[PDB]
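> whatever this is, show me its structure:
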Amino acid sequence: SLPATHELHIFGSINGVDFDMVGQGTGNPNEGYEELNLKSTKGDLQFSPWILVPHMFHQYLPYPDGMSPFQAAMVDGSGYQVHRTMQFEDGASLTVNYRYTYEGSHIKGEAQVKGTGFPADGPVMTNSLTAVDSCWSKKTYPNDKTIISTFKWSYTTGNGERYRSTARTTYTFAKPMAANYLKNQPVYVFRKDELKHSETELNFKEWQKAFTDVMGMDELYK
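Residues are numbered from 1 along each chain as shown. This is the structure:
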């Protein structure tokens, strides 16, 4: 079905220390909006919960004229896997690998996280990140089974100082995407992310809008 509810098991390590979180959410597949609640199964998170944004379900994303490729792959059941890499301005690096299963309108997601090189006194390990910038991503389709998403990410610390990262996401589809998708690229997506957090529990909200009118959107996204 189009998705209506989801759950996330997100787990792995930050600076060689294991964490594990589980929770349920809901979303709007005609608007790309999603809510998620997460709870730790291994006690207090030893890092900023902000570092799990944006990683905490593009199956909810519509396109202007119909379903996104992500949403289309869920509805026919064939699906996709995800690899994301992020390199931070202080030399830290994070990967996330995602796998999904579908039951009618419900998605179960698994996100394996590995983060390394976060300095002890840095704002990740001291939980001093306070917000994230809304931002543009660019989707390209280098072949009928792959989508590449690129974006520049920033957390806020202190007096609006930015803690910057570069992100690249590789989507691998089981079945080729409809041919029309390949002839209508690139796609630009604008997203806004909101987090309420404690050391054990998070409430997350995401809004997203896809744009297929290409223009000089490339000068605007960069």
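> helices of the chain, residue ranges please.
Remark: helices assigned in the chain by DSSP state H are 69-75, 179-182, 217-221.
> do you know how far the residue nearest to residue 136 when sequence neighbours are not counted is from residue 120?
Leaving aside its sequence neighbours, residue 136 sits nearest to residue 221 (CB to CB, 6 or more residues apart in numbering; 4.1 Å). Using the backbone N, CA and C atoms, a C-beta is placed for each residue, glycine as well. Distance, residue 221 to residue 120, using CB to CB, to the nearest Å: 35 Å.
> more neighbours: those two, which one.
Between residue 221 and residue 120, residue 221 has the larger neighbour count (other CB atoms under 10 Å), namely 18 against 8.
> for that one, what are its contacts?
136-138, 188 (CB atoms under 8 Å, 6 or more residues apart in numbering).
> again, but for residue 77
So residue 77 contacts residue 102 (CB under 8 Å, 6+ apart).
> ok, it to residue 1 distance?
10 Å.
> what about the strands in the chain?
Applying DSSP state E to the chain gives strands spanning 5-14, 17-28, 33-40, 62-63, 66-67, 80-88, 93-103, 106-116, 131-132, 135-143, 146-157, 161-173, 187-197, 201-211.
> bridging residues for residue 163?
Per DSSP bridges, the residues bridged to residue 163 are residue 155.
> quick one: it from residue 66, how far?
37 Å.
> which of those two has more neighbours?
Per other CB under 10 Å, whichever of residue 163 and residue 66 has more neighbours is residue 163, with 23 against 11.
> one step back: what's the closest of the strands of the chain to residue 181?
strand 135-143 (6.2 Å; CB to CB).
> circling back: ok, which of the strands of the chain comes nearest residue 179?
strand 135-143 (10.5 Å).
> contacts for the closest one?
Against strand 135-143 from outside (CB under 8 Å, 6+ apart): 69, 147-154, 177, 181-182, 185-191, 218, 220-221.
> what subset of the residues you listed is buried?
69, 147, 149-151, 153, 177, 181, 186-189, 191, 221 (16 or more other CB atoms under 10 Å).
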